[PDB]
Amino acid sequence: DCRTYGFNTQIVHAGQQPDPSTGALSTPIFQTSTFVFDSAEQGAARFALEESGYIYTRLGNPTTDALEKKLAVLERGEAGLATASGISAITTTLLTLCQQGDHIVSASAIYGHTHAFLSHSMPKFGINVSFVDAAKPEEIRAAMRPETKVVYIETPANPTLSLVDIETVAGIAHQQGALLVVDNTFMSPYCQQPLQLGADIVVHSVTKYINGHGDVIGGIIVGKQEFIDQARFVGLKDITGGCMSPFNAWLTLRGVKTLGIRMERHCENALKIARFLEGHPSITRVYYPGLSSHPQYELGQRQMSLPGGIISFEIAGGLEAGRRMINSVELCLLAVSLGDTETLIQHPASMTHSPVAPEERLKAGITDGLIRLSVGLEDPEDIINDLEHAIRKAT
């Protein structure tokens, strides 16, 4: 039983075994749309969910099934469901759970396209959402209504890597009859296990650390079998249609083999870079859970096995400085994703949020000098030199 081995052993083996018919060690790429039955009877036995086996890849596929099983084991969940994207993991989940008249309490400090879905799309389906500062569990409690079905959080959260106390929030949600859904993208199961802290459902964008190689868009949902069966057979099948391609599942299986050693190196690197930035007189602030001045440092130590691979920081001199800095890096690459093997950097005030009113960005935690860094697998000395050179230039 794969649930019995060590976590690195599970990373490598859980959900997978040699192909029964051939012995192939790699999980085969079942790049098929349909599946053949031996008889009328076998076709019937599968459709009524009266007998196990495959029918059609939108419903289930052996390659994707391996990925779902592996991630269920890694998050200590019953079952997994792969999706087309991180967005689809979130929306499949919430659209399965909620209907007209229901309510959601959401953290404000969440991924931007998640916020758009919650702010604009949900209310158009009759589903109301209240946003709160989830670093303050009391605001979550105060926002709960009789109609609240879900509490939704991300931790750590952009853009300043603030935290949410999963265990505390889970207790509050459950006392009030709601489910807790946690987006665990930033951490991966190697660094944080929300189900073990009382969350009901975990979602990821596997696009970030789980795949890790910057070449797959995808999501995963993990939770109880009863829920996952609804997310599969109603949410995905009927509502979003957000299935993962078998090739993408295979790539993610391949990427996740190195999850443990990648996370160790990302976090070792990031701690070094965060300490460098904290010592730098041109840098006003450094946001990183591994720094002891982080305002929720102790919580982070309890909840996270490592402080993560992402750092935010503020450069002296505001917008122009941030722009000059990101324009002066030679090694770090300018891009908006994270969790890849390459170090990526972005300056949201000049890049993504450049048309947004400067005062709105500030309300949103986005100061003019804020830079976000996804630390890769390069030598940290080279990343530090590159940052040092660019900071010197920018200031």
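Numbering starts at 1 and runs along the sequence shown.
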Going by the entry, of stretches 228-236 and 153-161 the one with greater average Cα B-factor is 153-161
Between 109-117 and 188-196 (mean CA B-factor, as deposited), the higher = 109-117
Which listed residue, 333, 40, 29, 67, has the largest C-alpha temperature factor in the record?
-> 40
Kindly indicate the residue among 278, 268, 75, 320 with the greatest C-alpha B-factor in the PDB record.
-> 320
Assert third(CA B-factor, residue 213) within chain per record equals lowest
Lowest, middle or highest third: where is residue 293 by Cα B-factor in its chain?
-> highest
In terms of its chain's C-alpha B-factors, the third that includes residue 139 is the highest
Grab the CA temperature factor for residue 302 from the record and place it in the lowest, middle or highest third of its chain.
-> highest
Ranked C-alpha temperature factor of residue 20 among modelled chain residues, by third | highest
